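Peer 1: pasting the sequence and an experimental structure:
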Amino acid sequence: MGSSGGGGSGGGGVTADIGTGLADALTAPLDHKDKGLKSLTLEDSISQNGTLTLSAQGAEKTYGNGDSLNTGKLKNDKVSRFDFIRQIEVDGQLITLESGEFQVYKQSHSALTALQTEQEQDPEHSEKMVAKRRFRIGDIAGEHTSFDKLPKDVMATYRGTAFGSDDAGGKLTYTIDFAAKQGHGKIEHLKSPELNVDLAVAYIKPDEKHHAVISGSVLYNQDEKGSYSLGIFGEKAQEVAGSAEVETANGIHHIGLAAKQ
């Protein structure tokens, strides 16, 4: 650790300026070469966020009930995580402001969203203020097909991004096994006291209803004891989204996950 050194910012992967691809979904609308979808209005996508600004790893845009979006660039497995505050105040209707995080993933034919919260306010009198972590999953997955559609020897591996209630979203990649519910990977994203760790996985048949299921336990070589449970949506090659539990030594945290293939 003095004469041999060859690793700049290899602490993880994408940084505050790596895959800005998302920065093109807030300031870069459709275009003249979208081999597929060029955008998606949200005339009803929301309803409780009459207005809410959101900044991505490159740019930001105002969204809310009646707002619109443009992902003509997204691909079969693209992500869309950005910070935004859902505030609704009309001249005679909704009236409040709430900040939180956003998690929108895109598959090949379907997609999956996820809303996160961090601060709120209640204009009832002296309650115009709140604090807590509320993550509400969004858009379903790419395809909810019970892995039973091909339970033989297909190793089901999935990797994507996650989100904790007290940590930076999350980043993880696991390798699961078809019907032989057998998987195991590692979760990592930030550098907190739980930067990364090793986790296990298990592919079940009947997931949330009849798709690919995932279950395992995460643990650090130091003294961490977290868990992991998710459901994949693809014969054995679509996407996977769910959440996990992480217990430290005097508290319990919850991290949601969202990945493709």
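Peer 2: Noted; the coordinates are in hand. Numbers count the residues shown, from 1 in each chain.
Peer 1: using PDB, list the CA coordinates for stretch 244-259.
Peer 2: Taking C-alpha atoms only, stretch 244-259 is exported to PDB below (Å, rounded to 0.1, in the frame of the first residue of the first chain):
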ATOM      1  CA  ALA A 244     -34.200  -6.000   1.900                       C
ATOM      2  CA  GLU A 245     -33.600  -5.500   5.600                       C
ATOM      3  CA  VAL A 246     -30.300  -4.500   7.300                       C
ATOM      4  CA  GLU A 247     -29.900  -4.800  11.100                       C
ATOM      5  CA  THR A 248     -26.800  -3.000  12.600                       C
ATOM      6  CA  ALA A 249     -26.200  -3.400  16.400                       C
ATOM      7  CA  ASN A 250     -28.900  -1.200  17.900                       C
ATOM      8  CA  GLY A 251     -31.300  -0.400  15.100                       C
ATOM      9  CA  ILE A 252     -32.900  -1.700  11.800                       C
ATOM     10  CA  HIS A 253     -32.800  -0.100   8.400                       C
ATOM     11  CA  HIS A 254     -34.800  -1.000   5.200                       C
ATOM     12  CA  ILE A 255     -33.300  -0.800   1.700                       C
ATOM     13  CA  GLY A 256     -35.500  -1.300  -1.400                       C
ATOM     14  CA  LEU A 257     -34.000  -2.700  -4.600                       C
ATOM     15  CA  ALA A 258     -34.600  -2.400  -8.300                       C
ATOM     16  CA  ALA A 259     -32.600  -4.100 -11.000                       C
END
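Peer 1: mind checking how far residue 106 is from residue 12?
Peer 2: Residue 106 sits 22 Å away from residue 12, going by Cβ to Cβ, to the nearest Å. Placement of C-beta: from N, CA and C, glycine included.
Peer 1: looking at those two, which is more packed in?
Peer 2: Each of residue 106 and residue 12 has its neighbours counted (other Cβ atoms under 10 Å); residue 106 has more, 24 against 15.
Peer 1: list the contacts for the more buried one?
Peer 2: By Cβ atoms under 8 Å, 6 or more residues apart in numbering, the contact set of residue 106 is 71, 74-80.
Peer 1: hmm, try it at 7 Å
Peer 2: Contact analysis of residue 106 by Cβ atoms under 7 Å, 6 or more residues apart in numbering lists 71, 74, 78.
Peer 1: nearest residue to residue 148 in space, please, no chain neighbours.
Peer 2: Leaving aside its sequence neighbours, residue 148 sits nearest to residue 205 (Cβ to Cβ, 6 or more residues apart in numbering; 4.6 Å).
Peer 1: quick one, phi/psi of that neighbour?
Peer 2: Backbone torsions for residue 205, taken as degrees, to the nearest 10, come to phi -80, psi -70.
Peer 1: measure it to residue 166 for me?
Peer 2: From residue 205 across to residue 166, the span is 34 Å (Cβ to Cβ).
Peer 1: which of these two has more neighbours?
Peer 2: For residue 205 versus residue 166, the count of surrounding residues by other Cβ under 10 Å is larger for residue 205: 16 against 13.
Peer 1: wait, what's in contact with the more buried one?
Peer 2: Residue 205 sits next to 146-148, 151, 179 when contact means Cβ under 7 Å, 6+ apart.
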